[PDB]
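In the block that follows, a single chain appears as structure tokens, in the form deposited in one PDB entry.
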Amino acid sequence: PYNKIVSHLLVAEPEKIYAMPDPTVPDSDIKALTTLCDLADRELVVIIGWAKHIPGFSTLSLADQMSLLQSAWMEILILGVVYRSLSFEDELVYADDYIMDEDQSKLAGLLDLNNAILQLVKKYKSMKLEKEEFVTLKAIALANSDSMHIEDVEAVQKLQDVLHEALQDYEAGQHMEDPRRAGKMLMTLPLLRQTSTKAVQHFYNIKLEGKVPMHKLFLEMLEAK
């Protein structure tokens, strides 16, 4: 017994996705970046399906559904990598078959970006982040993505309120020792925003340099305004 929204988000959680880096291809920054962008493309399909499970998300206009996903997609991807990484030390679990350490981060040109993701990991390890809290924060990051393009501002605010309420009710029942735990969880969202912004900018620059092939969906979310 905690909160039905939390229960519902847990059963909506997508299945594990394999990176499947091409074993015939020599190891290189281009291979690593190709593997990551391919993995992101596939995860984005599953993120779109998952969003439809979030109560009220479907009742927004298609424009408003697109705007929230265009602003939040990379925060959702990053929160996944952070959650998969909590039991690891200085490694990022992009996928069960794609665990990046510091050297692989240097070789891929991702040392600054992966260091920032590890800063999110460190904070969530010290807070002992629970799956329930992770799925609820992923939903809040979607609802709270601060798109410039929102048509129904009140509806988007009501989706924020519903999810925030779910987090607060979860924390009130599960963590009576810390009555400010919900707030402390919200206080982690600035770092996710910062990290997501840097990731989008880094991958947009790789897109511009033209050396890494990228699929249609990944490209469409990189090109969003």
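Only residues modelled in both forms are compared. For clarity, a rigid core is taken as the largest C-alpha set superposing within 1.5 Å between two forms. One-based numbering along the sequence shown.
- 52-60 and 192-200 differ in mean CA B-factor, and the higher of the two is recorded for 52-60.
- A summary of the deposited B-factors shows that, of 96-104 and 113-121, the stretch with the larger mean C-alpha value is 96-104.
- Sorting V25, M20, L208, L10 by the CA temperature factor given in the entry leaves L208 at the top.
- Sort the chain's modelled residues by C-alpha temperature factor and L36 lands in the middle third, per the entry.
- In the deposited entry, the Cα temperature factor of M176 places it in the highest third of its chain's modelled residues.
- Annotation for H149: C-alpha temperature factor in the highest third relative to the rest of the modelled chain, per the entry.
- For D29, the recorded CA B-factor ranks within the highest third of the chain. Only modelled residues enter the ranking.
- Per-chain ranking of the deposited C-alpha B factor places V82 in the lowest third.
What follows is about the form deposited in another entry, which we do not show.
- Superposed on the core, the two forms barely differ at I206: its CA moves less than 2 Å between the shown form and the other one.
- After superposition on the rigid core, displacement of the C-alpha of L217 between the shown form and the other one stays below 2 Å.
- One change in the other form concerns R42 and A12, whose Cα atoms lie at least 3 Å closer than in this form.
- Between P14 and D146, the Cα distance is greater in the other form than in this structure, by no less than 3 angstroms.
- Regions that shift between the shown form and the other one, defined as runs of three or more consecutive residues whose CA atoms all move by 2 angstroms or more after core superposition, comprise 11-15, 21-26.
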